[PDB]
Amino acid sequence: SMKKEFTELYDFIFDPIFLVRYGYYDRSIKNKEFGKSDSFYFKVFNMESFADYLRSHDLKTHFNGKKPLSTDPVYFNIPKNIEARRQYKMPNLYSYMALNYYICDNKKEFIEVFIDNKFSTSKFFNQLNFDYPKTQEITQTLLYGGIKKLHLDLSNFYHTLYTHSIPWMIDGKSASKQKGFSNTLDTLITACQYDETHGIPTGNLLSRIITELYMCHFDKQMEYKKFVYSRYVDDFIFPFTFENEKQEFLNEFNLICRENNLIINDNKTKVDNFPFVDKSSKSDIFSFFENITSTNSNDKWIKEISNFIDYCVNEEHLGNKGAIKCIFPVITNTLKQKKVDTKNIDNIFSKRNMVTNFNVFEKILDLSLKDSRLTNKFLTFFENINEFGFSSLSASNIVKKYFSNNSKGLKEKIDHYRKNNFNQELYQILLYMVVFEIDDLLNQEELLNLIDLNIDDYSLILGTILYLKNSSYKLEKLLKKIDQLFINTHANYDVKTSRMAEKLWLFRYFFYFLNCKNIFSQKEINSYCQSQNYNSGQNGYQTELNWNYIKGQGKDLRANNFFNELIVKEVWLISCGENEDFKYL
Amino acid sequence: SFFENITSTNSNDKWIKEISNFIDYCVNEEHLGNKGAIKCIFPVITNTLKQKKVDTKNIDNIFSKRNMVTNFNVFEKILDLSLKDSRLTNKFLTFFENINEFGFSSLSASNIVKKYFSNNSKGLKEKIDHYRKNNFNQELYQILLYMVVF
Amino acid sequence: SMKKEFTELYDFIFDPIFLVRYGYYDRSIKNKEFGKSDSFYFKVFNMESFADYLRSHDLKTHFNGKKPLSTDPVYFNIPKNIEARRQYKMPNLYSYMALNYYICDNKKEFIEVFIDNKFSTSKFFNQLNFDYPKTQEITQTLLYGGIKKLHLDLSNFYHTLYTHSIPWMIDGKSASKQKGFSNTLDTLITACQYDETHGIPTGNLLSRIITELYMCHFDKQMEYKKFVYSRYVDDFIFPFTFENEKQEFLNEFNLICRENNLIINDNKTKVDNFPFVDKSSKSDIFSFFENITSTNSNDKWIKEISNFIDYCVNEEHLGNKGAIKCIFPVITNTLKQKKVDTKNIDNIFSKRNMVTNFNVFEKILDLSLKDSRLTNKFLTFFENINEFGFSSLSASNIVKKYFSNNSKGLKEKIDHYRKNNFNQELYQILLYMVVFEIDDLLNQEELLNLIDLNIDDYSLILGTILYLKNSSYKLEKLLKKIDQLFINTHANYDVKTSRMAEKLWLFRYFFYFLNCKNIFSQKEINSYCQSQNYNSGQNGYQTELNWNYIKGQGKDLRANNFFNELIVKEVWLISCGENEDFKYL
Amino acid sequence: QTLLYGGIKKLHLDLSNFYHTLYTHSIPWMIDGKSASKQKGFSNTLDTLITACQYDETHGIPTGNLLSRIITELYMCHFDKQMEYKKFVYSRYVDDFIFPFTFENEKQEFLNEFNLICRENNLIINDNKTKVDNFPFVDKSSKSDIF
């Protein structure tokens, strides 16, 4: 039945190993590409090694402590639109696992609410089968009987939520002015973001699960008042016929929002009158390549792909949300279904027109660079067409030519992104440079300029990879820069604070893991420490660069012990390539 | 030309999805100024099912299938569309007669309409009260006609 | 000089007795009516008695405790516009005095920042001489040299400010991840609002002073980047000539906002191009009555006043902000300057036209009822024209006739306001009923319906006054209702919580003060307690209605002792009229 | 002004071509009730005289004199009688209505009853002049500067 299928879904979801293998980076599992929320390159940043370690070792012995350790997340900033920004907070892995274990032991408090709920089309999290059109069917069924539709949307819901209002929603505000499940969940949520009570750390499955529980108690209240609507996260569609219905709904909705410190985005409040508008229809996009077959010339294929990209950008401009994100999946599916030869795939995507100087892969790459949220979409598309026959060397040469041709614009874009803390836009350029072996856009002293403050952890890792890939460069101008960065970061905390509970936890772990595997040769680190006259000790040189000294510094060493167990057992959080040489093609 | 690239060998789920998308497409077309685009929904669904040579068992499966997880039935969507504009009463009822001859059993359609009316009983009762107070003759006529027929 | 005059202003302002006599209710002192922020009727709600008590007694002996007691403020909701709402939080008097004393002892940390500041036109707080046109002159001087003006506005600045970000602004975010002035000020601010770290308690001078200090450190950062602009609270005007100037300013402004968790209201972001638009010009309003003299007939005066009200409402509609609030002051000033006889004042404002059934005072009253933020404006205007000659009995009869004529609409408005927690709209109607002796709009069981939950403290006090004014009614249907309300309110707190640190502190104090002065006869309270079978004790009947029993209940009695000292010394926070009979005309 | 008291919102309604398209036989329907008209009296004789003034044409009222305005005012005063029996308050000048209200349910109830009366009496609403004024109210027609 409905309840059995929901119970199977939530039994599969509410598993700690699942919530770290796919939960941390907000991936989707299809069996035991629209709603896909994947925002980090799986080939570099994944939790496969950590989840493999978890399957055979229980780490709950590290979270027996009463008070949750307060840690600092990775601050990653992504574009909301062409002008606005959205702030992601990637929690410390220790804090993430604490919250993960707590939610998985208290799964009963989430599942029953999710089961009883009727209004949410987002309580399935784009998992195994409950992909987008099924939630669309649920919305359709919920919208029956209404000649009018009222659209409501909370403004900055994730980023401005008062974290202490979670017990107010779950248990009642009054019962909260007086230990329990909601209070402990609140403490763990704030511990994931350094005791900050402003917002929820966004960008993973646990945050979405907690937000869905919060909004499902919202729905519980609003259905107790005998209302019916469809909600996706914080977007409400309320079907109604009579204006008194809308006014009563708005009154109760406003009371609940005001009581819970929620702000309504009044710019998105609209009423649709029947006949209803439906801008986001994908039928034309999916049927764009119906009248093209594998017997057509490769030039026809190139022209149709270019026209298709232009068509989808126009569709996105015309209000068809998500139409650009459908470009890559349906190009891949068309090439796979139409049975196009591998030599033909290579010819289509590698052909450079002698007179127009036009290459279709370069057009797709430029499209990806126009919106940084298309980074993983582009890279997945490239992996697919690489398996189809498009050689990796030709793609690398095309991307090299693009970067060389647009070097001035790319350098000033990097300067802008680094000045303005545009984290994902910088991450995309450095990720393309790492993946496609771009070894001339930035020289040595520009690469060293990215290892500084206000640079996100993933960008720092990608810059370090770019520095290590170039064997000409000397890793002492790098060790000095990294050590200075580590010292400056620790200078912002109390001296009795463990380093892995601070900012740059992921970049620190990257560096110490690389040091243990001896990509940073111990001889040259020793020479650098001697140059800086670092006092030796029982277990090293007492520098920020020495994990043996760092792992025992601080009054509270729970995160240090956690990450020491990961390092000792050779668990990597950043993939160094299939041959440990930082090559990803 | 909405159903050009669909054939009788396609799965019934594909047929249901295409009919739902087609209804949404026609409502959008009517909204965009294409006068009479909703009134073309029923005739071309009927003509498509007749031309594509879809089996009677398949007709019954398409229009009677109730999705276990989304709780979605396409006949219920068409019925709701008909109830949104009372001028579509005879269009809906003619369409139902056609698909009844095609294989969609009358008992299943009656059960679907029963479920819709039971689910939306509150809204329908207040609509009847509004229509009876305001002398909205055809809107009341449509609801009572559906009650009599089904 | 400039600095000496600013120093005199801030020496006068930063005085605890000043910050309670005018600070608490956000009043303005002219010598030792535009920007006036007065939102509560001075004749009922004032701190004259408390400030008089302070001048002769030092209450700092009550705030020697280390940990600030966390108290619950009075939640008062006022309209932001015809559709939106603004939330006021009137702090507990104990918490208010704690924060007041701390700010006055740390005045040096505010004054130097205010002195050095250049960009703020709001760091004067509409005090002695620094009224609106002088801040306009400051803005004009700051806007020199710019052919273009960029307007920026933070969205929901007071109500969504993260209170822990105050140390980030004042001391630097980095120096805050490590006792000081900023941390203690943060603790006191959160204690004023029951440890809630979401927003600043709005509606008093201390909150405006702290907000100005926060924004003056904002200005300090932005001027260190060599920018020039004019800011009023959170409204920025940035003069510029070249687009690179605007882009650089927007970049740095966005960085500071993002770092400090501040949200920009993108709907109010506009660029004015020269020639500049100036909608808010008051010259026509002030010159409306130039060609009218005291020798004109009273009918001419009535017609001109009516036309003037219509003109000002139109001006407000056309974007002339604050044009309606100028109606009452300039009518009063015109009648005073034109030397109109007192008999003529009475004739103008009391004449009821026999055929049109039109009275100008009724029109002004209806205008006041259209926007509840005009309550105090209307009541001040009525006091002025009452001194000018307009008899109080005639005004009471006119308001009686209006309320009787519109009784149905007013009753359904009261029901709407009470259901939707529209605090100021209800407060205005009950205040008009109390002031003008309206004794028939609500009967006994409707009056008792307002003494319930989700009703603000001032509305509860006004309803109690309306009940006591009617000598026919029995105060046992009132004592039962109040006791039930007190029990229900205390049921939402831990049993070891002192009652004066809870919600409804002001209404509780009102009731106990009234009981000590014997407006509630002790005999009838005793009879009610016996009817409810309340167990007696060493010091009373152990009911919520007995201050002798309540004052010693709770683990922490600092607020109880404070308010006990106020009650014992017969300090009133609600004025009972000049003759202690609740009559205010 | 006195009639518009108590309303934070104003709804403006206007009948379209009221004088020129009025069905003259609907005057007894308004004055006496439509039902009592499917069965000599004052209203019938007034209707006959009105049509005689315009050559037995039953389409409109002869416009441009005081008698036509008096009859139109009587017609609309029976309209007002019905609408006040339903406990409504508004200001009407000829066929221009200003309805003061605060809550949207008030406006919807008023529009429902107003539409029923118009439909029953063959009256057409000028939907191009239907507007809602929100406070602060607009006042374009002010003659102070001219005078």
# chains A, B, ... in the order shown; residues from 1 in each chain; ligands from 1

call {"tool": "interface_residues", "arguments": {"of": "chain D", "to": "chain A", "cutoff": "10 Å", "atoms": "only C-alpha atoms", "output": "list in words"}}
result
residues 103, 104, 105, 106, 107, 108 and 109 of chain D

call {"tool": "closest_atom_pairs", "arguments": {"of": "chain A", "to": "chain B", "cutoff": "8 Å", "atoms": "only C-alpha atoms", "output": "JSON lines"}}
result
{"residue": "A:1", "atom": "CA", "partner": "B:68", "partner_atom": "CA", "distance": 6.4}
{"residue": "A:2", "atom": "CA", "partner": "B:69", "partner_atom": "CA", "distance": 5.3}
{"residue": "A:5", "atom": "CA", "partner": "B:69", "partner_atom": "CA", "distance": 7.5}
{"residue": "A:134", "atom": "CA", "partner": "B:70", "partner_atom": "CA", "distance": 6.2}
{"residue": "A:135", "atom": "CA", "partner": "B:70", "partner_atom": "CA", "distance": 7.3}
{"residue": "A:137", "atom": "CA", "partner": "B:70", "partner_atom": "CA", "distance": 5.8}
{"residue": "A:138", "atom": "CA", "partner": "B:70", "partner_atom": "CA", "distance": 5.0}
{"residue": "A:140", "atom": "CA", "partner": "B:72", "partner_atom": "CA", "distance": 7.9}
{"residue": "A:141", "atom": "CA", "partner": "B:72", "partner_atom": "CA", "distance": 6.1}
{"residue": "A:144", "atom": "CA", "partner": "B:80", "partner_atom": "CA", "distance": 6.3}
{"residue": "A:145", "atom": "CA", "partner": "B:80", "partner_atom": "CA", "distance": 6.5}
{"residue": "A:146", "atom": "CA", "partner": "B:84", "partner_atom": "CA", "distance": 7.5}
{"residue": "A:147", "atom": "CA", "partner": "B:84", "partner_atom": "CA", "distance": 5.8}
{"residue": "A:274", "atom": "CA", "partner": "B:84", "partner_atom": "CA", "distance": 7.6}
{"residue": "A:275", "atom": "CA", "partner": "B:31", "partner_atom": "CA", "distance": 5.3}
{"residue": "A:276", "atom": "CA", "partner": "B:28", "partner_atom": "CA", "distance": 6.1}
{"residue": "A:277", "atom": "CA", "partner": "B:28", "partner_atom": "CA", "distance": 5.0}
{"residue": "A:278", "atom": "CA", "partner": "B:28", "partner_atom": "CA", "distance": 5.6}
{"residue": "A:279", "atom": "CA", "partner": "B:28", "partner_atom": "CA", "distance": 7.8}
{"residue": "A:281", "atom": "CA", "partner": "B:25", "partner_atom": "CA", "distance": 7.8}

call {"tool": "closest_atom_pairs", "arguments": {"of": "chain C", "to": "chain A", "cutoff": "10 Å", "atoms": "only C-alpha atoms", "output": "CSV"}}
result
residue,atom,partner,partner_atom,distance
C:84,CA,A:266,CA,9.6
C:85,CA,A:258,CA,9.6
C:87,CA,A:258,CA,9.3
C:156,CA,A:263,CA,9.3
C:159,CA,A:261,CA,9.1
C:160,CA,A:160,CA,8.0
C:161,CA,A:198,CA,9.5
C:162,CA,A:198,CA,6.9
C:163,CA,A:198,CA,9.7
C:164,CA,A:196,CA,8.3
C:165,CA,A:196,CA,9.8
C:173,CA,A:492,CA,9.1
C:174,CA,A:492,CA,5.4
C:175,CA,A:492,CA,6.4
C:176,CA,A:492,CA,8.1
C:177,CA,A:493,CA,5.5
C:178,CA,A:493,CA,4.9
C:194,CA,A:177,CA,9.2
C:196,CA,A:164,CA,8.3
C:197,CA,A:197,CA,7.6
C:198,CA,A:162,CA,6.9
C:251,CA,A:420,CA,7.0
C:252,CA,A:420,CA,8.2
C:254,CA,A:420,CA,8.6
C:255,CA,A:420,CA,6.8
C:258,CA,A:87,CA,9.3
C:261,CA,A:198,CA,8.6
C:262,CA,A:160,CA,10.0
C:263,CA,A:156,CA,9.3
C:266,CA,A:84,CA,9.6
C:267,CA,A:267,CA,8.5
C:416,CA,A:251,CA,9.8
C:419,CA,A:251,CA,9.1
C:420,CA,A:255,CA,6.8
C:421,CA,A:255,CA,8.0
C:489,CA,A:174,CA,9.3
C:491,CA,A:174,CA,8.7
C:492,CA,A:174,CA,5.3
C:493,CA,A:178,CA,4.9
C:494,CA,A:178,CA,4.8
C:495,CA,A:178,CA,8.5
C:496,CA,A:178,CA,10.0
C:497,CA,A:178,CA,9.5
C:502,CA,A:177,CA,9.8

call {"tool": "closest_residue", "arguments": {"among": "C:151, C:549, C:523, C:408", "to": "residue 89 in chain D", "atoms": "only C-alpha atoms"}}
result
C:408

call {"tool": "residues_around", "arguments": {"residues": "residue 9 in chain B", "least_positions_apart": "4", "cutoff": "12 Å", "atoms": "only C-alpha atoms", "output": "PyMOL selection string"}}
result
chain B and resi 5+13-15+52-55+58

call {"tool": "write_last_selection", "arguments": {"atoms": "C-alpha atoms", "output": "JSON list (two decimals), in the first residue's frame"}}
result
[["chain", "number", "residue", "atom", "x", "y", "z"],
["B", 5, "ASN", "CA", 5.18, 10.20, -31.47],
["B", 13, "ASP", "CA", 2.05, 4.49, -17.83],
["B", 14, "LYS", "CA", 3.47, 6.41, -20.78],
["B", 15, "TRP", "CA", -0.07, 6.87, -22.09],
["B", 52, "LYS", "CA", -3.64, 4.49, -32.48],
["B", 53, "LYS", "CA", -5.58, 1.19, -32.22],
["B", 54, "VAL", "CA", -5.36, 0.82, -28.45],
["B", 55, "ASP", "CA", -6.83, -2.36, -26.99],
["B", 58, "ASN", "CA", -5.61, -1.15, -22.40]]

call {"tool": "interface_residues", "arguments": {"of": "chain B", "to": "chain D", "cutoff": "10 Å", "atoms": "only C-alpha atoms", "output": "PyMOL selection string"}}
result
chain B and resi 130+133-135

call {"tool": "residues_around", "arguments": {"residues": "range 422-435 of chain A", "least_positions_apart": "3", "cutoff": "9 Å", "atoms": "only C-alpha atoms", "output": "MDAnalysis selection string"}}
result
chainID A and resid 41 75:79 85 369 371:376 379 396 399:400 403 410 413:414 416:419 438:439 441 455:456 458:460 462:463 465:466 469 582:585

call {"tool": "write_last_selection", "arguments": {"atoms": "C-alpha atoms", "output": "mmCIF file, in the first residue's frame"}}
result
data_model
loop_
_atom_site.group_PDB
_atom_site.id
_atom_site.type_symbol
_atom_site.label_atom_id
_atom_site.label_comp_id
_atom_site.auth_asym_id
_atom_site.auth_seq_id
_atom_site.Cartn_x
_atom_site.Cartn_y
_atom_site.Cartn_z
ATOM 1 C CA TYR A 41 32.289 16.613 -8.122
ATOM 2 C CA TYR A 75 31.327 27.901 4.187
ATOM 3 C CA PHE A 76 30.510 27.425 0.501
ATOM 4 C CA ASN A 77 28.667 30.162 -1.371
ATOM 5 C CA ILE A 78 26.708 29.330 -4.523
ATOM 6 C CA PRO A 79 24.743 31.655 -6.815
ATOM 7 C CA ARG A 85 23.802 34.226 -3.580
ATOM 8 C CA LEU A 369 30.793 28.337 -17.251
ATOM 9 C CA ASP A 371 26.189 29.239 -14.523
ATOM 10 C CA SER A 372 28.474 27.627 -11.953
ATOM 11 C CA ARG A 373 25.627 25.401 -10.742
ATOM 12 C CA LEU A 374 26.108 23.457 -13.996
ATOM 13 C CA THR A 375 29.618 22.285 -13.046
ATOM 14 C CA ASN A 376 28.680 18.764 -12.008
ATOM 15 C CA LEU A 379 31.352 16.971 -15.831
ATOM 16 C CA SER A 396 41.462 18.250 -22.880
ATOM 17 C CA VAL A 399 39.329 22.973 -23.010
ATOM 18 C CA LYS A 400 42.976 24.050 -23.189
ATOM 19 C CA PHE A 403 41.111 28.628 -21.543
ATOM 20 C CA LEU A 410 39.127 34.032 -16.790
ATOM 21 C CA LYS A 413 36.851 36.417 -13.161
ATOM 22 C CA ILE A 414 39.128 34.567 -10.726
ATOM 23 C CA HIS A 416 36.521 38.933 -8.826
ATOM 24 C CA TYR A 417 35.467 35.580 -7.359
ATOM 25 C CA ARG A 418 38.350 35.564 -4.893
ATOM 26 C CA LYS A 419 37.693 39.156 -3.801
ATOM 27 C CA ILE A 438 44.981 23.141 -17.601
ATOM 28 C CA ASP A 439 48.581 23.963 -16.686
ATOM 29 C CA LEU A 441 46.241 29.756 -17.021
ATOM 30 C CA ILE A 455 38.946 30.990 0.351
ATOM 31 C CA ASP A 456 36.707 27.965 0.804
ATOM 32 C CA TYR A 458 37.348 22.924 -1.683
ATOM 33 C CA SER A 459 38.940 25.815 -3.566
ATOM 34 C CA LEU A 460 42.016 25.530 -1.338
ATOM 35 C CA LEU A 462 41.854 22.365 -5.791
ATOM 36 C CA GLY A 463 44.564 25.028 -5.740
ATOM 37 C CA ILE A 465 46.173 19.967 -6.404
ATOM 38 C CA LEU A 466 47.001 22.388 -9.217
ATOM 39 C CA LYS A 469 50.385 18.591 -10.500
ATOM 40 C CA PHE A 582 45.444 13.714 -9.289
ATOM 41 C CA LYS A 583 44.342 12.791 -12.828
ATOM 42 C CA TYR A 584 40.595 12.484 -13.369
ATOM 43 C CA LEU A 585 40.253 11.663 -17.075
#

call {"tool": "closest_residue", "arguments": {"among": "B:149, B:105, B:3, B:143", "to": "residue 125 in chain B", "atoms": "only C-alpha atoms"}}
result
B:143

call {"tool": "select_by_dssp", "arguments": {"residues": "chain D", "states": "strand (DSSP E)", "output": "number ranges by chain"}}
result
D: 9-14, 91-93, 96-101, 131-134

call {"tool": "write_last_selection", "arguments": {"atoms": "C-alpha atoms", "output": "PDB file, in the first residue's frame"}}
result
ATOM      1  CA  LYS D   9     -11.155  50.362   1.417  1.00  0.00           C
ATOM      2  CA  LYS D  10     -13.560  51.773  -1.157  1.00  0.00           C
ATOM      3  CA  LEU D  11     -15.145  49.795  -3.978  1.00  0.00           C
ATOM      4  CA  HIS D  12     -16.330  51.798  -6.982  1.00  0.00           C
ATOM      5  CA  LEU D  13     -19.170  50.453  -9.116  1.00  0.00           C
ATOM      6  CA  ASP D  14     -20.929  52.049 -12.064  1.00  0.00           C
ATOM      7  CA  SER D  91     -22.929  56.296  -1.275  1.00  0.00           C
ATOM      8  CA  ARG D  92     -24.577  56.510  -4.719  1.00  0.00           C
ATOM      9  CA  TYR D  93     -24.622  59.403  -7.122  1.00  0.00           C
ATOM     10  CA  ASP D  96     -22.080  55.545  -9.336  1.00  0.00           C
ATOM     11  CA  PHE D  97     -21.614  53.520  -6.141  1.00  0.00           C
ATOM     12  CA  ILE D  98     -18.896  53.919  -3.527  1.00  0.00           C
ATOM     13  CA  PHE D  99     -18.967  51.025  -1.075  1.00  0.00           C
ATOM     14  CA  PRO D 100     -16.751  51.392   2.021  1.00  0.00           C
ATOM     15  CA  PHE D 101     -15.467  48.147   3.484  1.00  0.00           C
ATOM     16  CA  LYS D 131     -11.880  49.652  -8.875  1.00  0.00           C
ATOM     17  CA  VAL D 132     -10.882  49.378  -5.227  1.00  0.00           C
ATOM     18  CA  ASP D 133      -9.258  52.339  -3.500  1.00  0.00           C
ATOM     19  CA  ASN D 134      -6.923  51.383  -0.665  1.00  0.00           C
TER      20      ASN D 134
END

call {"tool": "residues_around", "arguments": {"residues": "residue 87 in chain B", "least_positions_apart": "6", "cutoff": "9 Å", "atoms": "only C-alpha atoms", "output": "ChimeraX atom specification"}}
result
/B:138-139,142

call {"tool": "write_last_selection", "arguments": {"atoms": "C-alpha atoms", "output": "short mmCIF file (atom, residue, chain, number, x, y, z; two decimals), in the first residue's frame"}}
result
data_model
loop_
_atom_site.label_atom_id
_atom_site.label_comp_id
_atom_site.auth_asym_id
_atom_site.auth_seq_id
_atom_site.Cartn_x
_atom_site.Cartn_y
_atom_site.Cartn_z
CA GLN B 138 -25.26 25.71 -15.19
CA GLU B 139 -22.76 25.19 -12.38
CA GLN B 142 -23.39 20.15 -13.89
#

call {"tool": "select_by_dssp", "arguments": {"residues": "range 44-170 of chain C", "states": "alpha helix (DSSP H)", "output": "JSON, numbers by chain"}}
result
{"C": [48, 49, 50, 51, 52, 53, 54, 55, 56, 93, 94, 95, 96, 97, 98, 99, 100, 101, 102, 103, 104, 105, 107, 108, 109, 110, 111, 112, 113, 114, 115, 116, 132, 133, 134, 135, 136, 137, 138, 139, 140, 141, 142, 157, 158, 159, 160, 165, 166, 167, 168, 169, 170]}

call {"tool": "residues_around", "arguments": {"residues": "residue 541 in chain C", "least_positions_apart": "3", "cutoff": "12 Å", "atoms": "only C-alpha atoms", "output": "tab-separated table (two decimals) with N, CA and C atoms, in the first residue's frame"}}
result
chain	number	residue	atom	x	y	z
C	522	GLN	N	-10.75	44.29	49.07
C	522	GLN	CA	-10.20	43.05	49.61
C	522	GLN	C	-11.29	42.07	50.00
C	525	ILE	N	-12.32	40.07	46.82
C	525	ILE	CA	-11.26	39.12	46.48
C	525	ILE	C	-11.27	37.94	47.45
C	526	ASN	N	-11.46	38.22	48.74
C	526	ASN	CA	-11.55	37.15	49.72
C	526	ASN	C	-12.74	36.24	49.43
C	527	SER	N	-13.88	36.83	49.08
C	527	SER	CA	-15.06	36.03	48.75
C	527	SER	C	-14.80	35.16	47.52
C	528	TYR	N	-14.14	35.72	46.50
C	528	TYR	CA	-13.82	34.93	45.32
C	528	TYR	C	-12.89	33.77	45.66
C	529	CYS	N	-11.87	34.03	46.47
C	529	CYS	CA	-10.94	32.97	46.86
C	529	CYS	C	-11.65	31.88	47.64
C	530	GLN	N	-12.55	32.26	48.55
C	530	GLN	CA	-13.33	31.27	49.28
C	530	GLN	C	-14.21	30.46	48.34
C	531	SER	N	-14.81	31.12	47.34
C	531	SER	CA	-15.63	30.41	46.37
C	531	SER	C	-14.80	29.38	45.61
C	532	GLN	N	-13.55	29.70	45.30
C	532	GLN	CA	-12.66	28.77	44.64
C	532	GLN	C	-11.93	27.85	45.61
C	533	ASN	N	-12.19	27.99	46.91
C	533	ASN	CA	-11.59	27.13	47.94
C	533	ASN	C	-10.07	27.15	47.87
C	534	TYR	N	-9.51	28.36	47.88
C	534	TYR	CA	-8.06	28.51	47.86
C	534	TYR	C	-7.52	28.37	49.27
C	535	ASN	N	-6.53	27.50	49.44
C	535	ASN	CA	-5.97	27.25	50.76
C	535	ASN	C	-5.27	28.50	51.27
C	536	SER	N	-5.56	28.87	52.51
C	536	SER	CA	-4.94	30.05	53.10
C	536	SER	C	-3.51	29.74	53.52
C	537	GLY	N	-2.85	30.75	54.06
C	537	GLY	CA	-1.47	30.61	54.45
C	537	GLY	C	-1.04	31.70	55.40
C	538	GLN	N	0.27	31.77	55.62
C	538	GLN	CA	0.82	32.75	56.55
C	538	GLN	C	0.63	34.17	56.04
C	544	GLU	N	-3.06	33.24	42.61
C	544	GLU	CA	-2.35	34.13	41.71
C	544	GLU	C	-2.73	35.58	41.93
C	545	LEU	N	-3.86	35.83	42.60
C	545	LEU	CA	-4.38	37.17	42.79
C	545	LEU	C	-3.80	37.86	44.02
C	546	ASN	N	-2.99	37.16	44.80
C	546	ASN	CA	-2.47	37.66	46.07
C	546	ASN	C	-1.00	38.00	45.92
C	547	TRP	N	-0.67	39.29	45.94
C	547	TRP	CA	0.72	39.69	45.74
C	547	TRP	C	1.61	39.27	46.90
C	548	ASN	N	1.06	39.19	48.12
C	548	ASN	CA	1.88	38.81	49.26
C	548	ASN	C	2.36	37.37	49.13
C	549	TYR	N	1.52	36.49	48.59
C	549	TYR	CA	1.94	35.12	48.34
C	549	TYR	C	2.83	35.02	47.11
C	550	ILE	N	2.48	35.73	46.04
C	550	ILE	CA	3.23	35.64	44.79
C	550	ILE	C	4.65	36.18	44.94

call {"tool": "residues_around", "arguments": {"residues": "range 384-394 of chain C", "least_positions_apart": "5", "cutoff": "7 Å", "atoms": "only C-alpha atoms", "output": "JSON, numbers by chain"}}
result
{"C": [332, 342, 343, 345, 346, 349, 350, 585]}

call {"tool": "write_last_selection", "arguments": {"atoms": "C-alpha atoms", "output": "PDB file, in the first residue's frame"}}
result
ATOM      1  CA  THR C 332      -3.652  72.929  15.810  1.00  0.00           C
ATOM      2  CA  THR C 342     -12.496  79.651  21.955  1.00  0.00           C
ATOM      3  CA  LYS C 343     -16.227  79.903  21.280  1.00  0.00           C
ATOM      4  CA  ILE C 345     -13.202  76.601  18.216  1.00  0.00           C
ATOM      5  CA  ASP C 346     -16.131  74.950  19.980  1.00  0.00           C
ATOM      6  CA  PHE C 349     -15.456  71.276  16.030  1.00  0.00           C
ATOM      7  CA  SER C 350     -18.879  70.670  17.616  1.00  0.00           C
ATOM      8  CA  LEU C 585     -10.916  64.146  29.815  1.00  0.00           C
TER       9      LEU C 585
END

call {"tool": "closest_residue", "arguments": {"among": "D:48, D:24, D:144, D:128", "to": "residue 75 in chain D", "atoms": "only C-alpha atoms"}}
result
D:24
